[PDB]
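Novice: sequence first, structure after; it's an experimental one.
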Amino acid sequence: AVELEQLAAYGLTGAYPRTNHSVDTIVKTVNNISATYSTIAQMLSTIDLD
Amino acid sequence: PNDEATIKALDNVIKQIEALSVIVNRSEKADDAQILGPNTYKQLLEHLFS
């Protein structure tokens, strides 16, 4: 959700997203998320799966 | 998966189960019977004439 004035100001000045990080940091973060999910799934499978 | 979280979870659940299995139920209540003591019948006043 965004209001009309903010969107108009964004579009008038021709803004675009910009970043200073590299590709590998993002994929490392995604791998961390997947690892957390895998850890929880393994714990549930070895303790709670009944 | 991180293998060190599963070990900790298993140890924690085992400790919980072991703790739950030691609680004992023992009550040493008294009885509702009342200890009785000695008593002596008392004499009401009387008048005797012939």
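Specialist: Cool, the structure landed. Residues are numbered from 1 along each chain as shown, chains lettered A, B, ... in the order given.
Novice: show me what from chain B comes close to chain A.
Specialist: Residues of chain B lying near chain A by Cβ under 8 Å from any Cβ of the partner chain: B:1-2, B:5-6, B:9-10, B:13. In short, each C-beta sits where N, CA and C put it, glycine included.
Novice: now list the buried members of those residues.
Specialist: In the residues of chain B next to chain A, burial by neighbour count holds for B:1, B:6, B:9, counting by 16 or more other Cβ atoms under 10 Å in any protein chain shown.
Novice: could you dump these to CSV with secondary structure and distance to residue A:5?
Specialist: Shown next, in CSV, are those (DSSP: H, G, I helix; E, B strand; the rest coil; distance: Cβ to Cβ, whole Å):
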residue, secondary structure, distance to residue A:5
B:1, coil, 48
B:6, helix, 52
B:9, helix, 51
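Novice: closest one of the residues of chain B next to chain A to residue B:41?
Specialist: Set against residue B:41, the nearest of the residues of chain B next to chain A by Cβ to Cβ is residue B:13 (71.5 Å).
Novice: contact partners for the nearest residue to that closest one once chain neighbours are set aside?
Specialist: Distance criterion Cβ to Cβ, 6 or more residues apart in numbering or on different chains; nearest residue to residue B:13, sequence neighbours excluded, is residue A:47 at 6.2 Å. Contact partners of residue A:47, counting by Cβ atoms under 8 Å, 6 or more residues apart in numbering or on different chains, are B:6, B:9-10, B:13.
Novice: and those residues, which two are furthest apart?
Specialist: B:6 and B:13 (10.7 Å).
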